[PDB]
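In: this one is an experimental structure. Sequence first:
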Amino acid sequence: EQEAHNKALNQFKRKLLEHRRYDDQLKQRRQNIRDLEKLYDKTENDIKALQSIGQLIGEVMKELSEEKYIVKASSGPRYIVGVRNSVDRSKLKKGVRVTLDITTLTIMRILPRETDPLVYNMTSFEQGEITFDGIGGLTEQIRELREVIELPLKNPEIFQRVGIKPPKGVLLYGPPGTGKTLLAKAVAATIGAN
Amino acid sequence: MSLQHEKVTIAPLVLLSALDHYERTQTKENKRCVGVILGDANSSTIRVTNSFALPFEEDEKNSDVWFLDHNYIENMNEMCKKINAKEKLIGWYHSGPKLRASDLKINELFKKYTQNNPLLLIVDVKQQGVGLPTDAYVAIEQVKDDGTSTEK
Amino acid sequence: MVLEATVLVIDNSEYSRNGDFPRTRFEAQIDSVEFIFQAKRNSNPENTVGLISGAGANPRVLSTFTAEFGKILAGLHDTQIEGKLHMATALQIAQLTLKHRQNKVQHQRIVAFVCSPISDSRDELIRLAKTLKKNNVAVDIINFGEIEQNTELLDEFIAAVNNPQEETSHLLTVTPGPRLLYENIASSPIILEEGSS
Amino acid sequence: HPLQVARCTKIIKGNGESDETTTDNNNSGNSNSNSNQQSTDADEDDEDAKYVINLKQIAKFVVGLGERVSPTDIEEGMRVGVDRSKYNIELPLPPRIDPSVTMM
Amino acid sequence: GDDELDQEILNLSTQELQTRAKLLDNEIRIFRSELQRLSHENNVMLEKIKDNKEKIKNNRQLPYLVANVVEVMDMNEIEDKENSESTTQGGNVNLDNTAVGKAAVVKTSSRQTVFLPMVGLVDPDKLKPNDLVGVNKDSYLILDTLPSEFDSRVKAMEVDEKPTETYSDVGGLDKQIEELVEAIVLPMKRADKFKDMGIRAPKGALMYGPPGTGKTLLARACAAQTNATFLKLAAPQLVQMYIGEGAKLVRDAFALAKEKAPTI
Amino acid sequence: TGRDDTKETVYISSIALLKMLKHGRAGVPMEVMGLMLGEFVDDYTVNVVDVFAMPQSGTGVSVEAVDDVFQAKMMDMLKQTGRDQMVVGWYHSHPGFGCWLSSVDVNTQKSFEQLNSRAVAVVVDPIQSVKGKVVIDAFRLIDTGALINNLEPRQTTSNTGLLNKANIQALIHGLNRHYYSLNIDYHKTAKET
Amino acid sequence: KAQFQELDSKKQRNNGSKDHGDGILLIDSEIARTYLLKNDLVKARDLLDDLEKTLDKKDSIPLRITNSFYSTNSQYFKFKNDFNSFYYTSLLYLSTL
Ligand SMILES: Nc1ncnc2c1ncn2[C@@H]1O[C@H](COP(=O)(O)OP(=O)(O)O)[C@@H](O)[C@H]1O
Ligand SMILES: [Mg+2]
Ligand SMILES: [Mg+2]
């Protein structure tokens, strides 16, 4: 035609694709910076573990002193160890599980009391539990189990106030098929106790 | 960020290292040995565990001119994490004994490798004091009283 | 110049805020910093280039000698863009950079862009001129930032440093308005500039 | 000498064991690869049939392939010599004291 | 239909479109500087990872000890004031460095019990009770994971599926054949209908009557069809003099069944 | 003849003593590697001025237990600060065993002998040391030719001749067929004290 | 307030630097300030406590930003006529000028 903007527009068409392409890429490259970061941290976490080093477990066999303990090592020999500034002697006591630096054999921190694998299997059992409320019926019987068990666990405050001894122990017996298991499974949820 | 530096425990490794390092650059006559200190930081107790030299120049004609090599600080970090990851940059020693105002500006630099305010550990290597072979100071920024400005 | 190390100064200022090249003078300077670095590498491939800030009272080392364009490029975005150039401090901090180097077979060059006039006393640059040429250091001043409305204080400083030895100062006169800054560098000496005997 | 004597108690394949665990899942890695699909970070590990041996102090270790024999020759229930502390098969030993005993 | 062409002459003025175009050339110059910046950053960052990786490769390398994870105890982040530890350090939050949060306690075949800072290499989800684990010979740190081995006691009990016997080939006794289909196959195939309804699929079917009435043949046929494994368990064996030994295989067979489930 | 072949007095500075104990005790129960940097003068005097710790190795101490990437980089950093010295030896630990060279460690000494033939090998136990005089001994190889033809002893001339030794075990066997032990001499100034 | 929130979505990216969030806080002191004169003192108080929070998690706080904050806080106290509470707030305003 007569226009030189008609000649310009051909060229301007080529340009158009370029902006779009550059925008696609910019968005990808930022996402990539982030992706490599996570990978980098995690490789570095292995390395923090290699310089941190393992530790030895025993159990306090007997208290010798505030600042001396008889521990029985898992590896083998009974030891007298020191107490670190970091572990408080209020935590330390006889028969509690312990862990210690390998280096100086100095109690690092205490452990929670560990469990033998037999009793772990028992604890681990969970079916995702059930309601109160899907154990339905023999209403009055469910109510009384709650009275013995549940009522002093949540509120021992009422039992101490009155100055009565906490009520404890229940024995369940019935026919087969009556749901003692179904109820066992149920009471456990309601209160939330371990 | 934290303003936690209330107690500064020094390993004796740091004071003898600063003694060597002054003499391995041969700074004298109010020229200084500026190096890094590593340890743990972001904490109530700082333990100053290690010290290293860095490349550094100190000009006596104007105190706002000194040299520092940034690339050295980045490369030394890579290495020290492999030996020990409990070691990280926590700030800088300065030979002293004279604290200056230009040192606040060196301070700003070191605030770009550590989250906490950098610790400036004055270690007198000339052994003029019979006590204080460590004095410790930390730069904090606060509005000073008596009609005074915000001072760093 | 062949066999030269160069400390670039990116001018961080509120005259760099001001727009007299696209998008502003700061975004113009990213392009011109890339230009010089590659041009100089091609002409002699041993050439290697650092970058320091023209900002605050203290210039800070953004990069040391390197021939990855990516390390120099990264510092241009990272630095704070609003500051003031301080020529006196720059010459000295640049000079330290030129001290600490891979091999001193190379010429010591400072290339420094100007967007904002001096913020320091004149006479201090006259005294510093004789110290610069004493160690055979030259200073190239790109002037578009003192011919806006400013009288050119730059010329007398270039006179003082210039004296043939091996290194000679140049004054790159760059027109003050849009033409694209990189192109103005190019039309001025930047692969044919040299130190004279 | 001394090669402390051990014995194979398990053939655990080297590409089924999942030595790498960054991108690999424990069940298997590829069954003929472990980190040959990773060359993005440069780590190399394949091997075939690494075995689990049982020492005679009753300690178990994943040990090398033969370094003076081909791994074809080393089998499940075959005794083997491994280093003092570097625990890596150099020389196989016969599979027990079974010859001559059986033949009588 | 697009932009920056002859379509747009009608939408937007010839001078105004052309001057748009000039503006859009500037935008490329700004895109290039940003794009390169992001690019050089990935490349650099990539190198740092290769450095690390190689450091771990030496440790991962043979030999290494074999241990088994007794339990996992992962401690809480901030168990203390600022420590995932149960003791005071004045700060630092870590899981395997200054402060130990996550941990796996492993029992070595060297007869030791060792409390380990969890290593970042493996997942805490693989680490279970009796996960067989590679542990570094020197200092003790969970290096890698290993498949579980199974004893000869495990083997007898488990999978002895032979392909379907087929009911055509178990002659006579039409009703017995009818009952097994109804009990097993109908719930396994039509489980979706049992699920929507929320009724339970049979807990057991008791089969009783004199030997040699075909019963074995039938469960072995059914199991292949229904695509459940065939376990072989015989109660007269499990009667022993030893209380411990006799109780043990009941418990083993129950745990293994659920594992290999669905199972007949 | 040829080499003097008399065992050096190793003068370990205060900085270098404490640094070795620092890296060793963090690393227990494991071995540590490292290179010893100093100056050698006279014909039997090495002054170990400084040390640097080589990162923890995945195969333990061996002849591959120096990576050339760390090494080169590490010495390069000392050159930028003027703290530079020359590798005059190497240190390694046995963490649970007193001072001696296993088969691997002697073979490592054969490699360091190539680079400098007056090299020292120092064995530091980090935990057995409660004095810090004890369980640090230095070793240096005596020539192979010397061993065969029974010109092996020649370490008793040009020293004090006060010797300090114990153990038969590995220690002594190491001595007879290879290397010679001499006590660690501690150098200091009154600024460190 | 709209202009600056909008602006940093683009600008920060292209430019690669500069934070414009400093200026938001003065605007914010001024919203409370408007509330003070209109006699909605209660509203202004909440916005000043939300401002204060941002200040603490800044590494560097220029003097001008906290100066306006204290000016506002000063005005709040003299409406109640709590002489003591005004006096102590005003010294900080004066110092940080
Ligand atoms: N209905 C049948 N048709 C063909 N042979 C049968 C049939 N029932 C039993 N047998 C034969 O008797 C054997 C014993 O029966 P089996 O299925 O093993 O029984 P059970 O569990 O009743 O003891 C089979 O292996 C088969 O040889
Ligand atoms: Mg029951
Ligand atoms: Mg049968």
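Out: Good, I have the coordinates. Residues are numbered from 1 along each chain as shown, chains lettered A, B, ... in the order given. Ligands and ions are numbered 1, 2, ... in the order given.
In: residues from the stretch 1-150 of chain E in reach of chain F?
Out: Within the stretch 1-150 of chain E, the positions lying close to chain F (C-beta under 8 Å from any C-beta of the partner chain) are E:55, E:56, E:57, E:58, E:59, E:60, E:61, E:138, E:139, E:140. Placement of C-beta: from N, CA and C, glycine included.
In: residue C:27 contacts residue E:32, doesn't it?
Out: No. Judged on C-beta atoms under 8 Å, residue C:27 makes no contact with residue E:32 at a distance of 11.9 Å.
In: these two: which is more packed in?
Out: Legend: neighbour count by other C-beta atoms under 10 Å in any protein chain shown for residue C:27 and residue E:32, higher for residue C:27 (22 against 14).
In: for the closest residue to that one other than its chain neighbours, what are its contacts?
Out: Once flanking residues are discounted, residue C:27 sits nearest to residue E:30: 6.9 Å by C-beta to C-beta, 6 or more residues apart in numbering or on different chains. Residue E:30 makes contact with C:23, C:27, G:14 under the criterion C-beta atoms under 8 Å, 6 or more residues apart in numbering or on different chains.
In: for residue E:30, what is the enclosing helix or strand?
Out: Element membership for residue E:30 (DSSP states H and E) is helix E:14-60.
In: on that earlier part again, mind putting the contacts of residue E:30 into a markdown table with distance to residue C:101?
Out: Converted to a markdown table, those look like this (distance: C-beta to C-beta, whole Å):
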| residue | distance to residue C:101 |
| --- | --- |
| C:23 | 34 |
| C:27 | 31 |
| G:14 | 34 |
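In: list the beta-bridge partners for the spatially closest residue to residue C:94 that is not a sequence neighbour.
Out: Nearest residue to residue C:94 in three dimensions, chain neighbours excluded: residue C:7, at 4.3 Å (C-beta to C-beta, 6+ apart). Under the criterion DSSP bridges, residue C:7 forms beta bridges with residue C:50, residue C:110.
In: hang on, residue C:7 packs against residue C:48?
Out: No. With contacts counted by C-beta under 8 Å, residue C:7 stays clear of residue C:48, the gap being 10.9 Å.
In: tell me which of the two has more neighbours.
Out: Neighbours were counted for residue C:7 and for residue C:48 using other C-beta under 10 Å; residue C:7 has more, 27 against 20.
In: ok, now which ones touch that one?
Out: C:49, C:50, C:51, C:52, C:94, C:97, C:98, C:109, C:110, C:111.
In: could you redo the last one with a cut-off of 7 Å?
Out: Residue C:7 makes contact with C:50, C:52, C:94, C:97, C:98, C:110, according to C-beta atoms under 7 Å, 6 or more residues apart in numbering or on different chains.
In: which one (most neighbours) among the residues you listed?
Out: For the contacts of residue C:7, counting by other C-beta under 10 Å, the largest number of neighbours falls to residue C:94: 26 neighbours.
In: whichever strand or helix holds that residue: how far from the chain's middle?
Out: Assigned by DSSP H and E, residue C:94 belongs to helix C:87-97. Between the centre of helix C:87-97 and the centre of its chain there are 11 Å (C-alpha atoms, centre = their mean, to the nearest Å).
In: tally of neighbours for the closest residue to chain A within the stretch 51-200 of chain E?
Out: With C-beta to the nearest C-beta as the measure, residue E:120 is the residue of the stretch 51-200 of chain E nearest to chain A, at 2.6 Å. When neighbours are counted by other C-beta under 10 Å, residue E:120 registers 20.
In: so it touches residue A:49, yeah?
Out: Yes. The pair residue E:120 / residue A:49 is scored as a contact, 6.2 Å apart, by C-beta atoms under 7 Å.
In: okay, strands next: where are they in chain B?
Out: Using DSSP state E, the strands assigned to chain B run over residues B:7-10, B:34-40, B:45-53, B:56-58, B:66-68, B:88-94, B:119-122, B:135-138, B:142-143, B:150-151.
In: quick one: residue E:148 is in a strand?
Out: No. Counting by DSSP: H, G, I helix; E, B strand; the rest coil, residue E:148 is not part of a strand but coil.
In: and it, how many residues sit next to it?
Out: Residues near residue E:148, counting by other C-beta under 10 Å: 11.
In: show me the contacts for it.
Out: Shown in contact with residue E:148 (C-beta under 7 Å, 6+ apart): E:130, E:132.
In: nearest residue to the middle of chain C?
Out: residue C:112 (1.7 Å; C-alpha atoms, centre = their mean).
In: ranges for the strands of chain F?
Out: Assigned by DSSP E, chain F shows strands spanning F:9-13, F:33-41, F:45-54, F:86-92, F:120-124, F:136-141, F:179-182, F:184-187.
In: nearest to residue E:212 among those would be which one?
Out: Residue E:212 lies closest to strand F:33-41 among the strands of chain F, at 73.9 Å (C-beta to C-beta).
In: for the closest one, buried residues please.
Out: F:33, F:34, F:35, F:36, F:37, F:38, F:40 (16 or more other C-beta atoms under 10 Å in any protein chain shown).
In: same deal with stretch C:48-60?
Out: Using 16+ other C-beta under 10 Å as the test for burial, stretch C:48-60 gives C:48, C:49, C:50, C:51, C:52, C:53, C:54, C:55, C:58, C:59, C:60.
In: now, which of those sits nearest chain B?
Out: For the buried residues of stretch C:48-60, the nearest to chain B is residue C:58 (5.4 Å; C-beta to the nearest C-beta).
In: count of residues packed around the residue nearest to that closest one when sequence neighbours are not counted?
Out: Once flanking residues are discounted, residue C:58 sits nearest to residue B:105: 5.4 Å by C-beta to C-beta, 6+ apart. Other residues near residue B:105 number 18, with proximity taken as other C-beta under 10 Å.
In: most centrally placed residue in chain A?
Out: Centroid-nearest residue in chain A: residue A:112, 12.6 Å away (criterion: C-alpha atoms, centre = their mean).
In: against residue C:147, how distant is that one?
Out: Distance, residue A:112 to residue C:147, by C-beta to C-beta, to the nearest Å: 77 Å.
In: residue of chain F nearest ligand 1, please.
Out: residue F:58 (57.8 Å; C-beta to the nearest ligand atom).
In: hang on, isn't that residue packed against residue E:59?
Out: Yes. Applying C-beta under 7 Å as the test, residue F:58 and residue E:59 come out as touching, 3.7 Å apart.
In: so for those two, which sits in the more crowded spot?
Out: residue E:59 (24 against 21).
In: tell me how far the more buried one lies from chain B.
Out: Distance of residue E:59 to chain B, given as C-beta to the nearest C-beta, to the nearest Å: 12 Å.
In: what sits against that residue?
Out: Contacts of residue E:59 were listed using C-beta under 7 Å, 6+ apart, and they are A:50, E:136, E:143, F:58.
In: repeat that for 6 Å
Out: Each residue near residue E:59 by C-beta atoms under 6 Å, 6 or more residues apart in numbering or on different chains is listed here: E:136, F:58.
In: which residue is most remote from the mean position of chain G?
Out: residue G:14 (28.5 Å).
In: so it sits in a strand?
Out: No. Going by three-state DSSP, the assignment for residue G:14 is helix, not a strand.
In: now it, nearest residue through space, not along the chain?
Out: residue E:30 is the one closest to residue G:14 (C-beta to C-beta, 6+ apart), at 5.8 Å.
In: neighbours around whatever residue of chain C ends up closest to chain G, how many?
Out: When scored by C-beta to the nearest C-beta, chain C has residue C:77 as its residue closest to chain G, at 2.9 Å. For residue C:77, the neighbour count with other C-beta under 10 Å is 16.
In: residue of chain A nearest chain C, please.
Out: Counting by C-beta to the nearest C-beta, chain A gets nearest chain C through residue A:33, at 12.4 Å.
In: residue F:90 pairs with what?
Out: Beta-bridge partners for residue F:90, by DSSP bridges, are residue F:35, residue F:121.
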